[PDB]
$ cat model32.txt   # compact mmCIF, N, CA and C atoms
# COMPACT_ATOMS: atom_id res chain seq x y z
N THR G 1 -17.19 -10.30 -9.63
CA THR G 1 -18.35 -9.60 -10.16
C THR G 1 -17.92 -8.55 -11.18
N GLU G 2 -18.08 -8.87 -12.46
CA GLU G 2 -17.70 -7.94 -13.52
C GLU G 2 -18.95 -7.30 -14.13
N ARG G 3 -18.83 -6.03 -14.51
CA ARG G 3 -19.96 -5.32 -15.10
C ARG G 3 -19.97 -5.48 -16.61
N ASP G 4 -21.16 -5.42 -17.19
CA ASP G 4 -21.30 -5.53 -18.64
C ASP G 4 -21.42 -4.14 -19.23
N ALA G 5 -20.85 -3.94 -20.42
CA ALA G 5 -20.93 -2.63 -21.05
C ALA G 5 -22.37 -2.36 -21.49
N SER G 6 -23.17 -1.84 -20.56
CA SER G 6 -24.57 -1.54 -20.84
C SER G 6 -24.72 -0.39 -21.83
N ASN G 7 -23.92 0.66 -21.65
CA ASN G 7 -23.98 1.82 -22.53
C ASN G 7 -23.75 1.42 -23.98
N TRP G 8 -22.88 0.44 -24.18
CA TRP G 8 -22.57 -0.04 -25.52
C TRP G 8 -23.81 -0.64 -26.16
N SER G 9 -24.61 -1.33 -25.35
CA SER G 9 -25.80 -1.99 -25.86
C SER G 9 -26.90 -1.00 -26.26
N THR G 10 -27.42 -0.25 -25.30
CA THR G 10 -28.47 0.70 -25.62
C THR G 10 -28.15 1.42 -26.92
N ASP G 11 -26.96 1.97 -26.98
CA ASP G 11 -26.52 2.70 -28.16
C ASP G 11 -26.75 1.89 -29.44
N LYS G 12 -26.39 0.61 -29.41
CA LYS G 12 -26.57 -0.24 -30.58
C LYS G 12 -27.99 -0.80 -30.65
N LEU G 13 -28.43 -1.49 -29.61
CA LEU G 13 -29.77 -2.05 -29.61
C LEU G 13 -30.81 -0.98 -29.94
N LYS G 14 -30.67 0.20 -29.35
CA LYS G 14 -31.63 1.27 -29.61
C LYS G 14 -31.59 1.66 -31.08
N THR G 15 -30.39 1.89 -31.59
CA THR G 15 -30.20 2.26 -32.98
C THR G 15 -30.63 1.13 -33.90
N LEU G 16 -30.12 -0.05 -33.60
CA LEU G 16 -30.46 -1.23 -34.38
C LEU G 16 -31.97 -1.39 -34.36
N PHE G 17 -32.57 -0.98 -33.26
CA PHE G 17 -34.02 -1.04 -33.13
C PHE G 17 -34.64 0.05 -34.00
N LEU G 18 -33.95 1.20 -34.09
CA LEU G 18 -34.42 2.29 -34.95
C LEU G 18 -33.94 1.99 -36.36
N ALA G 19 -33.40 0.80 -36.52
CA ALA G 19 -32.88 0.37 -37.81
C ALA G 19 -33.79 -0.68 -38.42
N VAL G 20 -34.92 -0.93 -37.77
CA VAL G 20 -35.84 -1.92 -38.30
C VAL G 20 -36.14 -1.54 -39.74
N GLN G 21 -35.80 -2.44 -40.65
CA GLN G 21 -35.98 -2.18 -42.07
C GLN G 21 -37.32 -2.63 -42.63
N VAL G 22 -37.68 -1.98 -43.73
CA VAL G 22 -38.91 -2.25 -44.44
C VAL G 22 -38.61 -2.98 -45.75
N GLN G 23 -39.58 -3.76 -46.20
CA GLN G 23 -39.46 -4.50 -47.44
C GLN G 23 -40.54 -4.04 -48.41
N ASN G 24 -41.39 -4.97 -48.82
CA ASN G 24 -42.47 -4.65 -49.74
C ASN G 24 -43.65 -4.09 -48.96
N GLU G 25 -44.39 -3.18 -49.58
CA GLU G 25 -45.54 -2.58 -48.91
C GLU G 25 -46.46 -3.68 -48.39
N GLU G 26 -46.29 -4.87 -48.96
CA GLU G 26 -47.08 -6.04 -48.58
C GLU G 26 -46.61 -6.58 -47.24
N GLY G 27 -45.32 -6.45 -47.00
CA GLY G 27 -44.72 -6.93 -45.76
C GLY G 27 -43.57 -6.01 -45.35
N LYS G 28 -43.88 -4.74 -45.16
CA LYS G 28 -42.86 -3.77 -44.79
C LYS G 28 -42.84 -3.50 -43.29
N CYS G 29 -41.84 -2.74 -42.84
CA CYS G 29 -41.72 -2.40 -41.43
C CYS G 29 -40.91 -1.12 -41.25
N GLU G 30 -41.29 -0.30 -40.27
CA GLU G 30 -40.56 0.93 -40.01
C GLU G 30 -40.61 1.28 -38.53
N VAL G 31 -39.46 1.57 -37.95
CA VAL G 31 -39.42 1.93 -36.53
C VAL G 31 -39.96 3.34 -36.31
N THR G 32 -40.52 3.59 -35.13
CA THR G 32 -41.06 4.91 -34.83
C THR G 32 -40.40 5.51 -33.59
N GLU G 33 -39.88 4.66 -32.70
CA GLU G 33 -39.23 5.11 -31.47
C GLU G 33 -38.82 3.93 -30.61
N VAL G 34 -37.66 4.05 -29.97
CA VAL G 34 -37.16 2.99 -29.11
C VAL G 34 -36.78 3.55 -27.74
N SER G 35 -37.17 2.86 -26.68
CA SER G 35 -36.83 3.34 -25.36
C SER G 35 -35.37 3.01 -25.06
N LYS G 36 -35.12 1.72 -24.74
CA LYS G 36 -33.77 1.17 -24.44
C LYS G 36 -33.90 0.20 -23.26
N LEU G 37 -33.00 -0.78 -23.20
CA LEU G 37 -33.03 -1.77 -22.12
C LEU G 37 -32.76 -1.09 -20.79
N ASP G 38 -33.83 -0.88 -20.02
CA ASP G 38 -33.72 -0.24 -18.72
C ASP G 38 -33.65 -1.27 -17.61
N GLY G 39 -32.52 -1.34 -16.95
CA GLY G 39 -32.34 -2.29 -15.87
C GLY G 39 -30.86 -2.46 -15.57
N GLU G 40 -30.48 -3.63 -15.06
CA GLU G 40 -29.08 -3.87 -14.74
C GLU G 40 -28.55 -5.09 -15.49
N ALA G 41 -27.55 -4.86 -16.34
CA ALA G 41 -26.93 -5.95 -17.08
C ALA G 41 -25.60 -6.28 -16.42
N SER G 42 -25.19 -7.55 -16.44
CA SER G 42 -23.92 -7.88 -15.80
C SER G 42 -23.30 -9.14 -16.37
N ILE G 43 -21.98 -9.13 -16.48
CA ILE G 43 -21.26 -10.28 -16.99
C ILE G 43 -20.32 -10.82 -15.92
N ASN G 44 -20.12 -12.13 -15.91
CA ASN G 44 -19.22 -12.74 -14.94
C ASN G 44 -17.80 -12.60 -15.44
N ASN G 45 -16.85 -12.80 -14.53
CA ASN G 45 -15.42 -12.65 -14.83
C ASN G 45 -15.13 -12.87 -16.28
N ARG G 46 -14.12 -12.16 -16.75
CA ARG G 46 -13.72 -12.21 -18.13
C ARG G 46 -12.40 -12.90 -18.28
N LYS G 47 -11.94 -12.92 -19.52
CA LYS G 47 -10.69 -13.56 -19.85
C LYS G 47 -10.87 -15.07 -19.83
N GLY G 48 -12.00 -15.51 -20.39
CA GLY G 48 -12.33 -16.93 -20.48
C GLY G 48 -13.42 -17.37 -19.50
N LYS G 49 -13.78 -16.51 -18.56
CA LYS G 49 -14.85 -16.84 -17.64
C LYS G 49 -16.00 -15.89 -17.91
N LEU G 50 -15.91 -15.22 -19.06
CA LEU G 50 -16.90 -14.23 -19.46
C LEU G 50 -18.22 -14.87 -19.86
N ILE G 51 -19.26 -14.52 -19.13
CA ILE G 51 -20.60 -15.01 -19.44
C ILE G 51 -21.59 -13.85 -19.39
N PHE G 52 -22.66 -13.94 -20.17
CA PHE G 52 -23.60 -12.82 -20.25
C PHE G 52 -24.97 -13.06 -19.63
N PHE G 53 -25.14 -12.66 -18.38
CA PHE G 53 -26.45 -12.75 -17.76
C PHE G 53 -26.91 -11.33 -17.43
N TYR G 54 -27.95 -10.86 -18.12
CA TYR G 54 -28.45 -9.51 -17.87
C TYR G 54 -29.87 -9.56 -17.33
N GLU G 55 -30.29 -8.49 -16.67
CA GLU G 55 -31.63 -8.42 -16.12
C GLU G 55 -32.24 -7.04 -16.37
N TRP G 56 -32.75 -6.84 -17.58
CA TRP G 56 -33.35 -5.56 -17.94
C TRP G 56 -34.48 -5.73 -18.95
N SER G 57 -35.33 -4.72 -19.05
CA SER G 57 -36.43 -4.74 -19.99
C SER G 57 -36.30 -3.59 -20.98
N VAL G 58 -36.71 -3.82 -22.22
CA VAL G 58 -36.63 -2.77 -23.24
C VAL G 58 -38.01 -2.52 -23.83
N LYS G 59 -38.30 -1.26 -24.13
CA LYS G 59 -39.60 -0.91 -24.68
C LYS G 59 -39.45 -0.09 -25.96
N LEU G 60 -40.04 -0.58 -27.04
CA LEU G 60 -39.96 0.12 -28.32
C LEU G 60 -41.28 0.00 -29.08
N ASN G 61 -41.35 0.66 -30.24
CA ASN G 61 -42.55 0.62 -31.06
C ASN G 61 -42.18 0.64 -32.54
N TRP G 62 -43.07 0.14 -33.39
CA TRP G 62 -42.79 0.14 -34.82
C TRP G 62 -44.03 0.48 -35.65
N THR G 63 -43.83 0.59 -36.96
CA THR G 63 -44.92 0.90 -37.88
C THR G 63 -44.76 0.09 -39.16
N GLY G 64 -45.84 -0.50 -39.64
CA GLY G 64 -45.76 -1.29 -40.85
C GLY G 64 -46.99 -1.10 -41.73
N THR G 65 -46.76 -1.07 -43.03
CA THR G 65 -47.86 -0.91 -43.99
C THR G 65 -48.18 -2.25 -44.64
N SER G 66 -49.45 -2.45 -44.95
CA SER G 66 -49.88 -3.69 -45.57
C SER G 66 -50.39 -3.44 -46.98
N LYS G 67 -50.26 -4.45 -47.82
CA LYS G 67 -50.74 -4.33 -49.19
C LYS G 67 -52.19 -3.90 -49.20
N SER G 68 -52.89 -4.17 -48.09
CA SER G 68 -54.29 -3.78 -47.97
C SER G 68 -54.42 -2.26 -48.05
N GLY G 69 -53.34 -1.57 -47.70
CA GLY G 69 -53.32 -0.11 -47.74
C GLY G 69 -53.48 0.48 -46.35
N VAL G 70 -53.06 -0.27 -45.33
CA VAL G 70 -53.19 0.21 -43.95
C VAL G 70 -51.85 0.24 -43.22
N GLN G 71 -51.68 1.26 -42.39
CA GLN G 71 -50.48 1.39 -41.58
C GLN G 71 -50.84 0.98 -40.17
N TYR G 72 -49.93 0.31 -39.50
CA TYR G 72 -50.21 -0.14 -38.15
C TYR G 72 -48.98 -0.03 -37.29
N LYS G 73 -49.19 0.44 -36.08
CA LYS G 73 -48.09 0.60 -35.15
C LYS G 73 -48.30 -0.30 -33.95
N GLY G 74 -47.44 -1.31 -33.86
CA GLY G 74 -47.54 -2.29 -32.80
C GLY G 74 -46.57 -2.02 -31.66
N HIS G 75 -46.56 -2.95 -30.72
CA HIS G 75 -45.71 -2.86 -29.55
C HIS G 75 -44.69 -3.99 -29.51
N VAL G 76 -43.52 -3.69 -28.97
CA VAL G 76 -42.46 -4.68 -28.83
C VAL G 76 -41.76 -4.45 -27.50
N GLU G 77 -41.94 -5.37 -26.56
CA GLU G 77 -41.32 -5.20 -25.25
C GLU G 77 -40.88 -6.54 -24.67
N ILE G 78 -39.60 -6.62 -24.33
CA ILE G 78 -39.06 -7.84 -23.73
C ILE G 78 -38.68 -7.53 -22.27
N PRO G 79 -39.36 -8.11 -21.31
CA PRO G 79 -39.07 -7.81 -19.88
C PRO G 79 -37.62 -8.07 -19.47
N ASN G 80 -37.44 -8.38 -18.19
CA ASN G 80 -36.12 -8.62 -17.62
C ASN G 80 -35.46 -9.90 -18.15
N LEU G 81 -35.70 -10.23 -19.42
CA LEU G 81 -35.11 -11.43 -19.99
C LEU G 81 -33.61 -11.23 -20.20
N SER G 82 -32.81 -12.20 -19.76
CA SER G 82 -31.37 -12.13 -19.91
C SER G 82 -30.96 -12.64 -21.29
N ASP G 83 -29.96 -11.99 -21.89
CA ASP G 83 -29.49 -12.41 -23.21
C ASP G 83 -28.60 -13.63 -23.08
N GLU G 84 -28.63 -14.26 -21.90
CA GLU G 84 -27.83 -15.45 -21.67
C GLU G 84 -28.25 -16.50 -22.69
N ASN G 85 -29.30 -16.15 -23.41
CA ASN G 85 -29.85 -17.01 -24.44
C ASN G 85 -30.12 -16.19 -25.70
N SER G 86 -30.54 -16.85 -26.77
CA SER G 86 -30.81 -16.14 -28.01
C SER G 86 -31.86 -15.06 -27.79
N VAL G 87 -31.52 -13.83 -28.16
CA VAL G 87 -32.45 -12.71 -28.01
C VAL G 87 -33.73 -12.98 -28.78
N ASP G 88 -33.57 -13.56 -29.96
CA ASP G 88 -34.72 -13.85 -30.81
C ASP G 88 -35.63 -14.91 -30.20
N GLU G 89 -35.04 -15.92 -29.58
CA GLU G 89 -35.83 -16.98 -28.97
C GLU G 89 -36.34 -16.50 -27.62
N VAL G 90 -35.98 -15.27 -27.28
CA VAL G 90 -36.38 -14.66 -26.02
C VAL G 90 -37.87 -14.32 -26.02
N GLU G 91 -38.36 -13.90 -24.86
CA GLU G 91 -39.77 -13.56 -24.71
C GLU G 91 -39.98 -12.09 -25.03
N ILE G 92 -40.62 -11.86 -26.16
CA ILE G 92 -40.89 -10.51 -26.61
C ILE G 92 -42.40 -10.25 -26.66
N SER G 93 -42.80 -9.04 -26.30
CA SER G 93 -44.22 -8.69 -26.30
C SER G 93 -44.57 -8.02 -27.62
N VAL G 94 -44.97 -8.82 -28.59
CA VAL G 94 -45.32 -8.31 -29.91
C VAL G 94 -46.82 -8.04 -30.02
N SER G 95 -47.16 -6.88 -30.56
CA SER G 95 -48.55 -6.50 -30.76
C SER G 95 -48.69 -5.70 -32.04
N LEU G 96 -48.67 -6.39 -33.16
CA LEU G 96 -48.80 -5.71 -34.44
C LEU G 96 -49.70 -6.48 -35.40
N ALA G 97 -50.60 -5.74 -36.04
CA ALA G 97 -51.53 -6.30 -37.02
C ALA G 97 -52.77 -6.89 -36.36
N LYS G 98 -52.66 -7.22 -35.08
CA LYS G 98 -53.80 -7.79 -34.37
C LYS G 98 -54.99 -6.85 -34.47
N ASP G 99 -54.70 -5.56 -34.57
CA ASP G 99 -55.74 -4.55 -34.67
C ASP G 99 -55.99 -4.15 -36.12
N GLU G 100 -55.07 -4.50 -37.02
CA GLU G 100 -55.21 -4.13 -38.43
C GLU G 100 -55.21 -5.37 -39.35
N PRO G 101 -55.50 -5.19 -40.63
CA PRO G 101 -55.56 -6.31 -41.63
C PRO G 101 -54.20 -6.74 -42.19
N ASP G 102 -53.15 -6.74 -41.37
CA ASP G 102 -51.84 -7.14 -41.86
C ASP G 102 -51.57 -8.62 -41.57
N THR G 103 -52.02 -9.07 -40.40
CA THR G 103 -51.86 -10.46 -39.95
C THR G 103 -50.67 -11.18 -40.59
N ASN G 104 -50.74 -11.45 -41.88
CA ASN G 104 -49.65 -12.14 -42.56
C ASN G 104 -48.33 -11.40 -42.34
N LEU G 105 -48.39 -10.08 -42.32
CA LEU G 105 -47.20 -9.26 -42.12
C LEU G 105 -46.57 -9.50 -40.75
N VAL G 106 -47.39 -9.46 -39.69
CA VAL G 106 -46.85 -9.66 -38.35
C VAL G 106 -46.06 -10.95 -38.28
N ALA G 107 -46.46 -11.93 -39.09
CA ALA G 107 -45.75 -13.19 -39.11
C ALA G 107 -44.35 -12.95 -39.64
N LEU G 108 -44.26 -12.33 -40.79
CA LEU G 108 -42.96 -12.03 -41.37
C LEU G 108 -42.13 -11.28 -40.35
N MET G 109 -42.75 -10.31 -39.70
CA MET G 109 -42.06 -9.54 -38.68
C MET G 109 -41.55 -10.49 -37.61
N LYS G 110 -42.15 -11.67 -37.55
CA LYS G 110 -41.75 -12.68 -36.58
C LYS G 110 -40.44 -13.32 -37.01
N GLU G 111 -40.19 -13.28 -38.31
CA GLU G 111 -38.97 -13.86 -38.85
C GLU G 111 -38.01 -12.76 -39.27
N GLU G 112 -38.50 -11.53 -39.31
CA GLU G 112 -37.70 -10.37 -39.69
C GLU G 112 -37.50 -9.40 -38.53
N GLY G 113 -38.60 -9.04 -37.89
CA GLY G 113 -38.58 -8.09 -36.77
C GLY G 113 -37.89 -8.70 -35.56
N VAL G 114 -38.58 -9.59 -34.87
CA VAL G 114 -37.98 -10.21 -33.72
C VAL G 114 -36.64 -10.79 -34.14
N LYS G 115 -36.53 -11.10 -35.44
CA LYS G 115 -35.28 -11.61 -35.97
C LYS G 115 -34.23 -10.51 -35.90
N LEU G 116 -34.62 -9.33 -36.34
CA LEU G 116 -33.70 -8.21 -36.31
C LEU G 116 -33.09 -8.10 -34.93
N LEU G 117 -33.92 -8.37 -33.93
CA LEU G 117 -33.46 -8.34 -32.56
C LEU G 117 -32.39 -9.40 -32.40
N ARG G 118 -32.48 -10.43 -33.23
CA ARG G 118 -31.48 -11.48 -33.20
C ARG G 118 -30.14 -10.81 -33.41
N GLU G 119 -30.17 -9.79 -34.27
CA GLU G 119 -28.98 -9.02 -34.55
C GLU G 119 -28.54 -8.30 -33.29
N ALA G 120 -29.51 -7.90 -32.47
CA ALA G 120 -29.18 -7.22 -31.21
C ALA G 120 -28.24 -8.11 -30.41
N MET G 121 -28.48 -9.41 -30.46
CA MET G 121 -27.61 -10.34 -29.76
C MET G 121 -26.23 -10.28 -30.40
N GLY G 122 -26.21 -10.02 -31.70
CA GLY G 122 -24.96 -9.94 -32.44
C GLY G 122 -23.98 -8.94 -31.83
N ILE G 123 -24.48 -7.76 -31.49
CA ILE G 123 -23.62 -6.72 -30.90
C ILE G 123 -23.47 -6.89 -29.40
N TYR G 124 -24.58 -7.15 -28.73
CA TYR G 124 -24.58 -7.31 -27.29
C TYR G 124 -23.51 -8.33 -26.89
N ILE G 125 -23.56 -9.48 -27.53
CA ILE G 125 -22.61 -10.55 -27.25
C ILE G 125 -21.22 -10.22 -27.77
N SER G 126 -21.16 -9.79 -29.01
CA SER G 126 -19.87 -9.49 -29.63
C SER G 126 -19.24 -8.19 -29.13
N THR G 127 -19.94 -7.08 -29.27
CA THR G 127 -19.37 -5.79 -28.87
C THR G 127 -19.03 -5.73 -27.39
N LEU G 128 -19.93 -6.22 -26.55
CA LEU G 128 -19.70 -6.15 -25.12
C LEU G 128 -18.62 -7.11 -24.66
N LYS G 129 -18.82 -8.40 -24.87
CA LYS G 129 -17.84 -9.38 -24.41
C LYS G 129 -16.49 -9.25 -25.11
N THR G 130 -16.49 -9.09 -26.43
CA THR G 130 -15.22 -8.95 -27.12
C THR G 130 -14.44 -7.78 -26.54
N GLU G 131 -15.17 -6.74 -26.14
CA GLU G 131 -14.54 -5.56 -25.57
C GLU G 131 -14.16 -5.79 -24.10
N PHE G 132 -15.12 -6.25 -23.29
CA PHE G 132 -14.83 -6.47 -21.86
C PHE G 132 -13.62 -7.41 -21.69
N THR G 133 -13.70 -8.64 -22.19
CA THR G 133 -12.57 -9.56 -22.08
C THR G 133 -11.49 -9.12 -23.05
N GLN G 134 -11.83 -8.15 -23.89
CA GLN G 134 -10.88 -7.64 -24.87
C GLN G 134 -10.40 -8.77 -25.77
N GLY G 135 -11.30 -9.70 -26.06
CA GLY G 135 -10.96 -10.84 -26.92
C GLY G 135 -10.28 -11.94 -26.11
$ encode --input "model32.txt" --output "structure tokens"
Amino acid sequence: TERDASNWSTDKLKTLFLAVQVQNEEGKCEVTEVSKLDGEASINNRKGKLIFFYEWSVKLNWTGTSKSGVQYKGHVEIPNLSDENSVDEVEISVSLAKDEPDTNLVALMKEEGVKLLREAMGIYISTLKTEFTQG
């Protein structure tokens, strides 16, 4: 039973989450605050037996402006989903534009925002495992 570097993740995932970038006012995005994956993450033996099964949920929020001239702050929350799979293909609770006239934007955020989270897998998998098994 090996532990996963959880502290390494929050630090990056949270920041990376506060790193949500914006594009055109037509399809822009801006982070407003990130909680962090709260729960228990764990990896199996390392040195070639290293696998990533985590059980935690993260809660964050964002803000995006639409060419329409409206700002909207949606919700993004992924429950106890394990990164044993693609973070992006994971189950995320997205709630943006549904209340505002961005609609088209939330879609892009689907390929950019939840995608950015794809990057979260980039560090979680790389930073944690590369460090734990030390390569």
$ closest_residue --input "model32.txt" --among "G:112, G:1, G:33, G:101" --to "residue G:70" --atoms "all atoms listed in the file"
G:101
$ residues_near_point --input "model32.txt" --point "(-23.8, -10.9, -21.1)" --cutoff "9 Å" --atoms "only C-alpha atoms" --output "list in words"
residues 4, 5, 41, 42, 43, 44, 50, 51, 52, 53, 54, 82, 83, 84, 124, 125, 128 and 129 of chain G
$ closest_residue --input "model32.txt" --among "G:12, G:46, G:28, G:73" --to "residue G:133" --atoms "only N, CA and C atoms"
G:46
$ select_by_dssp --input "model32.txt" --residues "chain G" --states "strand (DSSP E)" --output "PyMOL selection string"
chain G and resi 2-3+30-34+38-44+51-66+70-72+75-78+93-95
$ atom_distance --input "model32.txt" --atom1 "atom N of residue G:58" --atom2 "atom C of residue G:113"
14.3 Å
$ closest_residue --input "model32.txt" --among "G:99, G:88, G:134, G:8" --to "residue G:117" --atoms "only N, CA and C atoms"
G:88
$ select_by_dssp --input "model32.txt" --residues "chain G" --states "alpha helix (DSSP H)" --output "list in words"
residues 6, 7, 8, 9, 15, 16, 17, 104, 105, 106, 107, 108, 109, 110, 111, 112, 113, 114, 115, 116, 117, 118, 119, 120, 121, 122 and 123 of chain G
$ closest_atom_pairs --input "model32.txt" --of "stretch 63-86 of chain G" --to "stretch 17-24 of chain G" --cutoff "8 Å" --atoms "only N, CA and C atoms" --output "Markdown table"
| residue | atom | partner | partner_atom | distance |
| --- | --- | --- | --- | --- |
| G:64 | CA | G:22 | CA | 7.8 |
| G:65 | C | G:24 | C | 6.5 |
| G:66 | C | G:24 | C | 7.1 |
| G:67 | N | G:24 | C | 6.7 |
$ residues_near_point --input "model32.txt" --point "(-40.1, -7.3, -25.3)" --cutoff "7 Å" --atoms "all atoms listed in the file" --output "mmCIF file with N, CA and C atoms, in the coordinates of the input"
data_model
loop_
_atom_site.group_PDB
_atom_site.id
_atom_site.type_symbol
_atom_site.label_atom_id
_atom_site.label_comp_id
_atom_site.auth_asym_id
_atom_site.auth_seq_id
_atom_site.Cartn_x
_atom_site.Cartn_y
_atom_site.Cartn_z
ATOM 1 N N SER G 57 -35.330 -4.720 -19.050
ATOM 2 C CA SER G 57 -36.430 -4.740 -19.990
ATOM 3 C C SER G 57 -36.300 -3.590 -20.980
ATOM 4 N N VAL G 58 -36.710 -3.820 -22.220
ATOM 5 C CA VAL G 58 -36.630 -2.770 -23.240
ATOM 6 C C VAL G 58 -38.010 -2.520 -23.830
ATOM 7 N N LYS G 59 -38.300 -1.260 -24.130
ATOM 8 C CA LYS G 59 -39.600 -0.910 -24.680
ATOM 9 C C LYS G 59 -39.450 -0.090 -25.960
ATOM 10 N N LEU G 60 -40.040 -0.580 -27.040
ATOM 11 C CA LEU G 60 -39.960 0.120 -28.320
ATOM 12 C C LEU G 60 -41.280 0.000 -29.080
ATOM 13 N N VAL G 76 -43.520 -3.690 -28.970
ATOM 14 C CA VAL G 76 -42.460 -4.680 -28.830
ATOM 15 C C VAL G 76 -41.760 -4.450 -27.500
ATOM 16 N N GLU G 77 -41.940 -5.370 -26.560
ATOM 17 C CA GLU G 77 -41.320 -5.200 -25.250
ATOM 18 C C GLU G 77 -40.880 -6.540 -24.670
ATOM 19 N N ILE G 78 -39.600 -6.620 -24.330
ATOM 20 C CA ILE G 78 -39.060 -7.840 -23.730
ATOM 21 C C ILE G 78 -38.680 -7.530 -22.270
ATOM 22 N N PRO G 79 -39.360 -8.110 -21.310
ATOM 23 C CA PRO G 79 -39.070 -7.810 -19.880
ATOM 24 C C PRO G 79 -37.620 -8.070 -19.470
ATOM 25 N N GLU G 91 -38.360 -13.900 -24.860
ATOM 26 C CA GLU G 91 -39.770 -13.560 -24.710
ATOM 27 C C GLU G 91 -39.980 -12.090 -25.030
ATOM 28 N N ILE G 92 -40.620 -11.860 -26.160
ATOM 29 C CA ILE G 92 -40.890 -10.510 -26.610
ATOM 30 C C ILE G 92 -42.400 -10.250 -26.660
ATOM 31 N N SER G 93 -42.800 -9.040 -26.300
ATOM 32 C CA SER G 93 -44.220 -8.690 -26.300
ATOM 33 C C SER G 93 -44.570 -8.020 -27.620
ATOM 34 N N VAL G 94 -44.970 -8.820 -28.590
ATOM 35 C CA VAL G 94 -45.320 -8.310 -29.910
ATOM 36 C C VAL G 94 -46.820 -8.040 -30.020
#
$ closest_residue --input "model32.txt" --among "G:16, G:74, G:29, G:110" --to "residue G:95" --atoms "all atoms listed in the file"
G:74
$ atom_distance --input "model32.txt" --atom1 "atom CA of residue G:34" --atom2 "atom CA of residue G:105"
20.5 Å
$ closest_residue --input "model32.txt" --among "G:45, G:71, G:104, G:10" --to "residue G:26" --atoms "all atoms listed in the file"
G:104
